[PDB]
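start_16.csv (CSV, N, CA and C atoms and all ligand atoms) appears below.
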```
chain,number,residue,atom,x,y,z
Y,1,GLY,N,85.1,109.2,82.8
Y,1,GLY,CA,85.8,107.9,82.8
Y,1,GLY,C,86.2,107.6,84.2
Y,2,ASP,N,87.3,107.8,84.7
Y,2,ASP,CA,87.3,106.8,85.9
Y,2,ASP,C,86.9,107.7,87.2
Y,3,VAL,N,86.9,108.9,86.9
Y,3,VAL,CA,86.1,110.0,87.7
Y,3,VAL,C,84.4,109.4,87.6
Y,4,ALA,N,83.9,109.0,86.6
Y,4,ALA,CA,82.5,108.3,86.8
Y,4,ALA,C,82.5,107.3,88.0
Y,5,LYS,N,83.2,106.3,87.9
Y,5,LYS,CA,83.4,105.5,89.1
Y,5,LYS,C,83.7,106.2,90.5
Y,6,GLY,N,84.5,107.3,90.7
Y,6,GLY,CA,84.7,108.1,92.0
Y,6,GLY,C,83.2,108.4,92.3
Y,7,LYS,N,82.5,109.0,91.4
Y,7,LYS,CA,81.1,109.6,92.2
Y,7,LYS,C,80.4,108.4,92.6
Y,8,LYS,N,80.2,107.3,91.8
Y,8,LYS,CA,79.7,106.0,92.2
Y,8,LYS,C,80.2,105.6,93.7
Y,9,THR,N,81.3,105.6,93.8
Y,9,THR,CA,81.9,105.4,95.3
Y,9,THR,C,81.6,106.7,96.1
Y,10,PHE,N,81.6,107.8,95.5
Y,10,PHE,CA,81.2,109.0,96.2
Y,10,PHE,C,79.7,108.7,96.5
Y,11,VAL,N,78.5,108.3,95.7
Y,11,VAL,CA,77.4,108.3,96.3
Y,11,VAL,C,77.4,107.0,97.5
Y,12,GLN,N,78.1,106.1,97.2
Y,12,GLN,CA,78.3,104.8,98.3
Y,12,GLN,C,79.1,105.2,99.7
Y,13,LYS,N,80.1,105.6,99.9
Y,13,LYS,CA,80.7,106.1,101.2
Y,13,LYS,C,80.9,107.5,101.5
Y,14,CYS,N,81.1,108.3,100.6
Y,14,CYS,CA,81.4,109.9,100.8
Y,14,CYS,C,80.0,110.5,100.5
Y,15,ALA,N,79.3,110.5,99.2
Y,15,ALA,CA,77.9,110.9,99.3
Y,15,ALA,C,76.9,111.3,100.4
Y,16,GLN,N,76.4,110.3,100.9
Y,16,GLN,CA,75.5,110.8,102.2
Y,16,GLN,C,76.2,111.5,103.3
Y,17,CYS,N,77.4,111.7,103.2
Y,17,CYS,CA,77.7,112.5,104.5
Y,17,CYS,C,78.1,113.7,103.6
Y,18,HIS,N,79.3,114.0,103.4
Y,18,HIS,CA,79.6,115.6,102.9
Y,18,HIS,C,78.5,116.2,101.9
Y,19,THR,N,78.5,117.5,101.9
Y,19,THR,CA,77.7,118.3,100.8
Y,19,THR,C,78.6,118.4,99.4
Y,20,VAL,N,78.7,119.4,98.8
Y,20,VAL,CA,79.6,119.3,97.6
Y,20,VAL,C,79.5,120.6,96.6
Y,21,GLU,N,78.5,121.4,96.8
Y,21,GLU,CA,78.2,122.5,95.6
Y,21,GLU,C,79.1,123.8,96.3
Y,22,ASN,N,78.7,124.9,96.0
Y,22,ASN,CA,79.5,126.0,96.5
Y,22,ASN,C,79.4,126.3,97.8
Y,23,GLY,N,80.0,125.9,98.7
Y,23,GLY,CA,79.9,126.1,100.3
Y,23,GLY,C,78.6,125.2,100.6
Y,24,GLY,N,78.3,124.2,99.6
Y,24,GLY,CA,76.8,123.1,99.7
Y,24,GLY,C,76.2,123.4,101.1
Y,25,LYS,N,77.0,123.4,102.3
Y,25,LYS,CA,76.7,123.9,103.7
Y,25,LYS,C,77.1,122.7,104.5
Y,26,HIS,N,77.5,122.9,105.9
Y,26,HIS,CA,78.0,121.7,106.5
Y,26,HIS,C,76.9,120.6,106.8
Y,27,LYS,N,77.1,119.9,107.8
Y,27,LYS,CA,76.1,118.8,108.1
Y,27,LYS,C,76.9,117.5,108.5
Y,28,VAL,N,77.9,117.6,109.3
Y,28,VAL,CA,78.7,116.3,109.6
Y,28,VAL,C,79.9,116.7,108.9
Y,29,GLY,N,80.4,116.4,107.8
Y,29,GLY,CA,81.5,117.0,107.4
Y,29,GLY,C,81.4,118.4,106.7
Y,30,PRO,N,82.4,119.5,107.2
Y,30,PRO,CA,82.1,120.7,106.4
Y,30,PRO,C,81.9,120.5,105.0
Y,31,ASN,N,81.5,121.7,104.1
Y,31,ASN,CA,81.5,121.6,102.7
Y,31,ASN,C,83.0,121.1,102.4
Y,32,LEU,N,83.2,120.3,101.5
Y,32,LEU,CA,84.8,119.8,101.1
Y,32,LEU,C,85.0,120.8,99.9
Y,33,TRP,N,84.9,121.8,100.0
Y,33,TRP,CA,85.0,123.0,98.8
Y,33,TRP,C,86.0,122.7,97.6
Y,34,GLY,N,87.1,123.1,97.9
Y,34,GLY,CA,88.1,122.8,96.9
Y,34,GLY,C,89.4,122.3,97.4
Y,35,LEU,N,89.4,121.0,97.9
Y,35,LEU,CA,90.6,120.3,98.5
Y,35,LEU,C,91.9,121.1,98.1
Y,36,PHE,N,92.0,121.2,96.9
Y,36,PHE,CA,93.3,121.9,96.3
Y,36,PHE,C,93.6,123.4,96.7
Y,37,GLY,N,94.4,123.6,97.7
Y,37,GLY,CA,95.0,124.7,98.6
Y,37,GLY,C,94.7,124.7,99.9
Y,38,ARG,N,95.1,123.7,100.8
Y,38,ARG,CA,94.8,124.2,102.2
Y,38,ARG,C,95.4,123.0,102.8
Y,39,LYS,N,95.7,123.4,104.1
Y,39,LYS,CA,96.6,122.8,105.1
Y,39,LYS,C,95.7,122.1,106.1
Y,40,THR,N,95.7,121.5,107.1
Y,40,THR,CA,94.3,121.0,107.6
Y,40,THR,C,93.5,121.7,108.8
Y,41,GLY,N,92.5,122.0,108.5
Y,41,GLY,CA,92.2,123.1,109.5
Y,41,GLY,C,91.3,124.1,108.8
Y,42,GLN,N,91.1,125.4,109.0
Y,42,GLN,CA,90.6,126.6,108.7
Y,42,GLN,C,89.8,126.2,107.6
Y,43,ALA,N,88.4,126.1,107.6
Y,43,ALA,CA,87.6,125.9,106.2
Y,43,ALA,C,86.2,126.5,106.4
Y,44,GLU,N,85.9,127.2,107.4
Y,44,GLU,CA,84.5,127.9,107.4
Y,44,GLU,C,84.0,127.3,108.7
Y,45,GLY,N,84.5,127.6,110.0
Y,45,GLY,CA,84.0,126.9,111.1
Y,45,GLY,C,84.5,125.5,111.7
Y,46,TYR,N,85.5,125.2,112.5
Y,46,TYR,CA,86.2,123.7,112.5
Y,46,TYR,C,85.7,123.4,113.8
Y,47,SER,N,86.5,123.0,114.5
Y,47,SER,CA,86.0,122.2,115.8
Y,47,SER,C,86.9,120.9,116.1
Y,48,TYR,N,87.5,120.8,117.3
Y,48,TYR,CA,88.5,119.7,117.4
Y,48,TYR,C,89.8,120.0,117.6
Y,49,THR,N,90.7,119.2,118.2
Y,49,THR,CA,92.2,119.7,118.5
Y,49,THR,C,93.2,119.2,117.9
Y,50,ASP,N,93.6,117.9,118.2
Y,50,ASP,CA,94.6,117.3,117.4
Y,50,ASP,C,94.0,116.5,116.4
Y,51,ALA,N,94.2,116.1,115.3
Y,51,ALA,CA,93.4,115.5,114.3
Y,51,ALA,C,93.0,116.7,113.3
Y,52,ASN,N,93.4,116.3,112.1
Y,52,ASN,CA,93.1,117.2,111.1
Y,52,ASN,C,94.1,117.9,111.1
Y,53,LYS,N,94.0,119.0,111.9
Y,53,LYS,CA,95.4,119.7,112.5
Y,53,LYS,C,96.4,118.8,113.1
Y,54,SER,N,96.5,118.9,114.5
Y,54,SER,CA,97.5,118.2,115.3
Y,54,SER,C,98.8,117.8,114.5
Y,55,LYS,N,99.1,116.8,114.0
Y,55,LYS,CA,100.0,116.5,112.9
Y,55,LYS,C,100.4,117.8,112.0
Y,56,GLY,N,99.4,118.4,111.8
Y,56,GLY,CA,99.2,119.8,110.8
Y,56,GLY,C,100.0,119.5,109.5
Y,57,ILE,N,99.5,120.0,108.2
Y,57,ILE,CA,99.7,119.3,107.0
Y,57,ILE,C,99.6,120.1,105.6
Y,58,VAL,N,98.7,119.5,104.5
Y,58,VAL,CA,98.7,120.4,103.3
Y,58,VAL,C,97.5,119.5,102.6
Y,59,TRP,N,96.2,119.7,102.2
Y,59,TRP,CA,95.5,118.7,101.0
Y,59,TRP,C,96.2,118.6,99.5
Y,60,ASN,N,96.7,117.7,99.3
Y,60,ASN,CA,97.5,117.8,97.9
Y,60,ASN,C,97.1,116.5,96.9
Y,61,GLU,N,97.7,116.5,95.9
Y,61,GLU,CA,97.3,115.1,95.0
Y,61,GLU,C,97.8,114.0,96.2
Y,62,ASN,N,98.9,113.7,96.5
Y,62,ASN,CA,99.4,112.6,97.7
Y,62,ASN,C,98.2,112.4,98.9
Y,63,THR,N,98.8,113.4,99.7
Y,63,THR,CA,98.2,113.3,101.0
Y,63,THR,C,96.6,112.8,101.0
Y,64,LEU,N,96.0,113.1,99.8
Y,64,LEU,CA,94.5,112.5,99.8
Y,64,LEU,C,94.8,110.9,99.6
Y,65,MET,N,95.7,110.5,98.8
Y,65,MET,CA,96.0,108.9,98.9
Y,65,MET,C,96.4,108.8,100.4
Y,66,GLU,N,97.1,109.5,101.0
Y,66,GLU,CA,97.6,109.5,102.3
Y,66,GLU,C,96.3,109.2,103.2
Y,67,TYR,N,95.5,110.0,103.0
Y,67,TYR,CA,94.1,109.8,103.7
Y,67,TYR,C,93.2,108.8,103.1
Y,68,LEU,N,93.1,109.0,101.9
Y,68,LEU,CA,92.3,107.9,101.3
Y,68,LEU,C,92.8,106.7,101.9
Y,69,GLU,N,94.0,106.4,102.0
Y,69,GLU,CA,94.5,105.1,102.7
Y,69,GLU,C,93.5,104.7,103.9
Y,70,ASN,N,93.8,105.1,104.9
Y,70,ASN,CA,92.8,104.6,105.9
Y,70,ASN,C,93.2,105.4,107.1
Y,71,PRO,N,92.2,106.1,107.7
Y,71,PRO,CA,92.1,107.1,108.5
Y,71,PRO,C,92.5,106.7,109.8
Y,72,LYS,N,93.0,105.6,109.9
Y,72,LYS,CA,93.7,104.9,111.0
Y,72,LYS,C,95.3,104.9,110.8
Y,73,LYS,N,96.1,105.9,111.3
Y,73,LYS,CA,97.5,106.0,110.6
Y,73,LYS,C,97.4,107.0,109.6
Y,74,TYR,N,97.6,108.2,110.1
Y,74,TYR,CA,97.4,109.4,109.4
Y,74,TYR,C,96.5,110.4,109.9
Y,75,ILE,N,97.0,111.3,110.6
Y,75,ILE,CA,96.3,112.3,111.2
Y,75,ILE,C,95.4,111.4,112.2
Y,76,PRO,N,96.0,110.1,112.7
Y,76,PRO,CA,95.3,109.0,113.2
Y,76,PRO,C,94.5,109.5,114.4
Y,77,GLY,N,93.2,109.4,114.4
Y,77,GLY,CA,92.3,110.0,115.5
Y,77,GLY,C,91.2,111.2,115.0
Y,78,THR,N,91.0,111.0,113.5
Y,78,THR,CA,90.1,112.1,112.8
Y,78,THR,C,88.9,111.9,113.3
Y,79,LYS,N,88.0,112.6,113.6
Y,79,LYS,CA,86.6,112.3,114.2
Y,79,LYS,C,85.6,111.7,113.0
Y,80,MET,N,86.2,111.5,111.8
Y,80,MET,CA,85.2,111.1,110.6
Y,80,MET,C,85.1,109.6,110.7
Y,81,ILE,N,84.0,109.2,110.9
Y,81,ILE,CA,83.8,107.6,111.0
Y,81,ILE,C,84.2,106.8,109.7
Y,82,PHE,N,85.3,106.4,109.6
Y,82,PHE,CA,85.5,105.6,108.1
Y,82,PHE,C,86.0,104.2,108.2
Y,83,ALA,N,85.6,103.4,107.6
Y,83,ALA,CA,86.3,102.2,107.6
Y,83,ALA,C,87.6,102.1,106.8
Y,84,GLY,N,87.7,102.0,105.5
Y,84,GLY,CA,88.8,101.8,104.7
Y,84,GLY,C,89.1,102.4,103.4
Y,85,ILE,N,88.9,101.7,102.3
Y,85,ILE,CA,89.5,102.2,101.1
Y,85,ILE,C,91.0,101.8,100.9
Y,86,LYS,N,91.3,100.6,100.9
Y,86,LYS,CA,92.7,100.4,101.1
Y,86,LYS,C,93.0,99.6,99.8
Y,87,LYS,N,92.5,100.0,98.9
Y,87,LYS,CA,92.9,99.4,97.5
Y,87,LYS,C,93.3,100.4,96.4
Y,88,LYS,N,94.4,100.2,95.9
Y,88,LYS,CA,94.9,100.9,94.6
Y,88,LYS,C,93.6,101.3,93.8
Y,89,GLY,N,92.8,100.3,93.1
Y,89,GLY,CA,91.4,100.6,92.2
Y,89,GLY,C,90.6,101.8,92.9
Y,90,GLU,N,90.0,101.6,93.9
Y,90,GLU,CA,88.9,102.5,94.7
Y,90,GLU,C,89.8,103.8,95.2
Y,91,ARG,N,90.8,103.5,95.6
Y,91,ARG,CA,91.8,104.7,96.4
Y,91,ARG,C,92.2,105.6,95.1
Y,92,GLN,N,93.0,105.1,94.2
Y,92,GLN,CA,93.2,105.9,92.7
Y,92,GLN,C,91.9,106.6,92.5
Y,93,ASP,N,90.8,105.8,92.2
Y,93,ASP,CA,89.6,106.5,91.9
Y,93,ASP,C,89.1,107.5,92.8
Y,94,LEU,N,89.1,107.4,93.9
Y,94,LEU,CA,88.8,108.6,94.7
Y,94,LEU,C,89.6,109.7,94.3
Y,95,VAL,N,90.9,109.7,94.6
Y,95,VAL,CA,91.9,110.9,94.3
Y,95,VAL,C,91.3,111.3,92.8
Y,96,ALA,N,90.9,110.6,91.8
Y,96,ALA,CA,90.2,111.4,90.7
Y,96,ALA,C,89.0,112.0,91.1
Y,97,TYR,N,88.2,111.3,91.8
Y,97,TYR,CA,86.8,111.8,92.1
Y,97,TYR,C,86.9,113.4,92.6
Y,98,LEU,N,87.6,113.7,93.5
Y,98,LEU,CA,87.9,115.2,94.3
Y,98,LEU,C,88.6,116.2,93.1
Y,99,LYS,N,89.8,115.8,92.6
Y,99,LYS,CA,90.1,116.7,91.4
Y,99,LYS,C,89.0,116.9,90.2
Y,100,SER,N,88.2,116.2,89.7
Y,100,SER,CA,86.9,116.5,88.7
Y,100,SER,C,85.8,117.1,89.5
Y,101,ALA,N,85.3,116.6,90.6
Y,101,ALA,CA,83.9,117.3,91.3
Y,101,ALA,C,84.5,118.5,92.1
Y,102,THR,N,85.4,118.5,92.9
Y,102,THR,CA,85.8,119.7,94.0
Y,102,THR,C,86.1,121.0,92.9
Y,103,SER,N,87.1,121.0,92.2
Y,103,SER,CA,87.3,122.3,91.4
Y,103,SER,C,86.4,122.5,90.3
G,201,LIG,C1,84.3,109.1,101.0
G,201,LIG,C2,85.2,108.2,101.4
G,201,LIG,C3,84.6,110.4,102.1
G,201,LIG,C4,85.7,111.2,101.7
G,201,LIG,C5,86.5,111.2,100.5
G,201,LIG,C6,85.9,112.1,102.7
G,201,LIG,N1,85.3,112.0,103.7
G,201,LIG,FE1,85.2,112.8,105.2
G,201,LIG,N2,85.2,113.6,106.6
G,201,LIG,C7,84.3,113.5,107.8
G,201,LIG,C8,84.5,114.3,108.7
G,201,LIG,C9,83.9,114.4,109.8
G,201,LIG,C10,85.6,115.2,108.3
G,201,LIG,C11,85.8,116.4,109.1
G,201,LIG,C12,85.8,116.1,110.4
G,201,LIG,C13,87.0,115.5,111.2
G,201,LIG,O1,87.4,114.1,110.6
G,201,LIG,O2,88.0,116.1,111.9
G,201,LIG,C14,85.8,114.7,107.2
G,201,LIG,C15,86.8,115.4,106.5
G,201,LIG,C16,87.1,115.0,105.4
G,201,LIG,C17,88.0,115.7,104.9
G,201,LIG,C18,88.4,116.7,105.4
G,201,LIG,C19,88.8,117.9,104.5
G,201,LIG,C20,89.3,119.2,105.4
G,201,LIG,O3,90.3,119.1,106.0
G,201,LIG,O4,88.7,120.2,105.5
G,201,LIG,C21,88.1,114.9,103.5
G,201,LIG,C22,89.1,115.1,102.5
G,201,LIG,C23,87.2,114.1,103.3
G,201,LIG,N3,86.6,114.0,104.6
G,201,LIG,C24,87.0,113.0,102.5
G,201,LIG,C25,83.4,112.6,108.0
G,201,LIG,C26,83.1,111.8,106.8
G,201,LIG,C27,82.1,110.8,106.6
G,201,LIG,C28,80.8,110.6,107.5
G,201,LIG,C29,80.5,109.5,107.9
G,201,LIG,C30,82.0,110.2,105.5
G,201,LIG,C31,81.2,108.8,105.3
G,201,LIG,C32,83.2,110.6,104.8
G,201,LIG,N4,83.8,111.6,105.8
G,201,LIG,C33,83.5,110.3,103.8
G,201,LIG,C34,84.5,110.9,103.1
```
Let me see the structure of the file written as structure tokens.
Ligand code: HEC
Amino acid sequence: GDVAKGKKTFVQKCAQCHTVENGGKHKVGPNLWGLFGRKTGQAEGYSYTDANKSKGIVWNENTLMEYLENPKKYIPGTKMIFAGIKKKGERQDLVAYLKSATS
């Protein structure tokens, strides 16, 4: 159900870039393994200084709305090229997308 729609948006803006299976393997964004337990940083090879870290943090139910918001204002300076996602509809659904596919 509304996790269907996350992967739809997932093949539309998150799909072609991240991998997704067990360590899928990097290629632009590392594997996004299991959002649920980790702070920003340390995931199997990183790269980069402030951003992601800098701010330094936690992946949690929130903070992915936090990010999901728009990568401009928030760890503001992430090297991931993104436009937006600044809507309740698509932004809610994402946060379900990562809790059904990631774990
Ligand atoms: C669909 C909207 C995408 C979602 C959801 C995520 N990304 Fe990305 N993303 C990209 C990069 C390069 C990073 C790592 C590099 C850097 O910004 O410092 C990421 C990282 C994430 C993270 C990071 C998780 C962690 O800390 O380990 C999350 C939660 C995640 N992204 C969500 C780059 C790209 C990207 C390429 C163009 C696309 C289109 C997306 N990201 C899309 C999503």
Nearby polymer residues, ligand LIG 201 (chain G), at most 5 Å, all atoms listed in the file, as a PDB file with N, CA and C atoms, keeping the file's coordinate frame:
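See result.pdb below for the written result:
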```pdb
ATOM      1  N   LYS Y  13      80.100 105.600  99.900  1.00  0.00           N
ATOM      2  CA  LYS Y  13      80.700 106.100 101.200  1.00  0.00           C
ATOM      3  C   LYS Y  13      80.900 107.500 101.500  1.00  0.00           C
ATOM      4  N   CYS Y  14      81.100 108.300 100.600  1.00  0.00           N
ATOM      5  CA  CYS Y  14      81.400 109.900 100.800  1.00  0.00           C
ATOM      6  C   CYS Y  14      80.000 110.500 100.500  1.00  0.00           C
ATOM      7  N   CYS Y  17      77.400 111.700 103.200  1.00  0.00           N
ATOM      8  CA  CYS Y  17      77.700 112.500 104.500  1.00  0.00           C
ATOM      9  C   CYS Y  17      78.100 113.700 103.600  1.00  0.00           C
ATOM     10  N   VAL Y  28      77.900 117.600 109.300  1.00  0.00           N
ATOM     11  CA  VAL Y  28      78.700 116.300 109.600  1.00  0.00           C
ATOM     12  C   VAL Y  28      79.900 116.700 108.900  1.00  0.00           C
ATOM     13  N   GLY Y  29      80.400 116.400 107.800  1.00  0.00           N
ATOM     14  CA  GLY Y  29      81.500 117.000 107.400  1.00  0.00           C
ATOM     15  C   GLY Y  29      81.400 118.400 106.700  1.00  0.00           C
ATOM     16  N   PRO Y  30      82.400 119.500 107.200  1.00  0.00           N
ATOM     17  CA  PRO Y  30      82.100 120.700 106.400  1.00  0.00           C
ATOM     18  C   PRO Y  30      81.900 120.500 105.000  1.00  0.00           C
ATOM     19  N   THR Y  40      95.700 121.500 107.100  1.00  0.00           N
ATOM     20  CA  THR Y  40      94.300 121.000 107.600  1.00  0.00           C
ATOM     21  C   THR Y  40      93.500 121.700 108.800  1.00  0.00           C
ATOM     22  N   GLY Y  41      92.500 122.000 108.500  1.00  0.00           N
ATOM     23  CA  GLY Y  41      92.200 123.100 109.500  1.00  0.00           C
ATOM     24  C   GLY Y  41      91.300 124.100 108.800  1.00  0.00           C
ATOM     25  N   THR Y  78      91.000 111.000 113.500  1.00  0.00           N
ATOM     26  CA  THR Y  78      90.100 112.100 112.800  1.00  0.00           C
ATOM     27  C   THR Y  78      88.900 111.900 113.300  1.00  0.00           C
ATOM     28  N   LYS Y  79      88.000 112.600 113.600  1.00  0.00           N
ATOM     29  CA  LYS Y  79      86.600 112.300 114.200  1.00  0.00           C
ATOM     30  C   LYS Y  79      85.600 111.700 113.000  1.00  0.00           C
ATOM     31  N   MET Y  80      86.200 111.500 111.800  1.00  0.00           N
ATOM     32  CA  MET Y  80      85.200 111.100 110.600  1.00  0.00           C
ATOM     33  C   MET Y  80      85.100 109.600 110.700  1.00  0.00           C
ATOM     34  N   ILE Y  81      84.000 109.200 110.900  1.00  0.00           N
ATOM     35  CA  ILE Y  81      83.800 107.600 111.000  1.00  0.00           C
ATOM     36  C   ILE Y  81      84.200 106.800 109.700  1.00  0.00           C
TER      37      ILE Y  81
END
```
Which residues are close to residue 34 in chain Y, i.e. within 8 Å by only N, CA and C atoms, leaving aside same-chain residues fewer than 5 positions away? Reply as a compact mmCIF listing (two decimals) with N, CA and C atoms, in the coordinates of the input.
```txt
# COMPACT_ATOMS: atom_id res chain seq x y z
N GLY Y 23 80.00 125.90 98.70
CA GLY Y 23 79.90 126.10 100.30
C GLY Y 23 78.60 125.20 100.60
N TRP Y 59 96.20 119.70 102.20
CA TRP Y 59 95.50 118.70 101.00
C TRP Y 59 96.20 118.60 99.50
N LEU Y 98 87.60 113.70 93.50
CA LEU Y 98 87.90 115.20 94.30
C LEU Y 98 88.60 116.20 93.10
N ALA Y 101 85.30 116.60 90.60
CA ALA Y 101 83.90 117.30 91.30
C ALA Y 101 84.50 118.50 92.10
N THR Y 102 85.40 118.50 92.90
CA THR Y 102 85.80 119.70 94.00
C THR Y 102 86.10 121.00 92.90
N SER Y 103 87.10 121.00 92.20
CA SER Y 103 87.30 122.30 91.40
C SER Y 103 86.40 122.50 90.30
```
Pairwise distance for CA of residue 4 in chain Y and CA of residue 66 in chain Y, rounded to one decimal in Å: 21.7 Å
Å distance separating atom C of residue 90 in chain Y from atom N of residue 45 in chain Y, one decimal place: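 The value is 28.5 Å.
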All residues 6.5 Å or closer to residue 86 in chain Y, all atoms listed in the file, same chain fewer than 5 positions away omitted, as JSON, numbers by chain: {"Y": [68, 69, 70, 91]}
Y:95, Y:16, Y:67, Y:7 ranked by distance to residue 83 in chain Y, top pick (using only C-alpha atoms): Y:67
Residues within 8 Å of residue 96 in chain Y, only C-alpha atoms, excluding chain neighbours under 6 positions, as a ChimeraX atom specification: /Y:2-3,6
Distance of atom N of residue 74 in chain Y from CA of residue 19 in chain Y, expressed in Å to one decimal place: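 So the two atoms, CA of residue 19 in chain Y and atom N of residue 74 in chain Y, lie 24.2 Å apart.
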All alpha helix (DSSP H) residues (DSSP, backbone) inside range 5-60 of chain Y, as number ranges by chain: Y: 5-9
Given all atoms listed in the file as the counted atoms, nearest of Y:11, Y:51, Y:58, Y:94 to residue 35 in chain Y: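 Smallest separation from residue 35 in chain Y among the options: Y:58.
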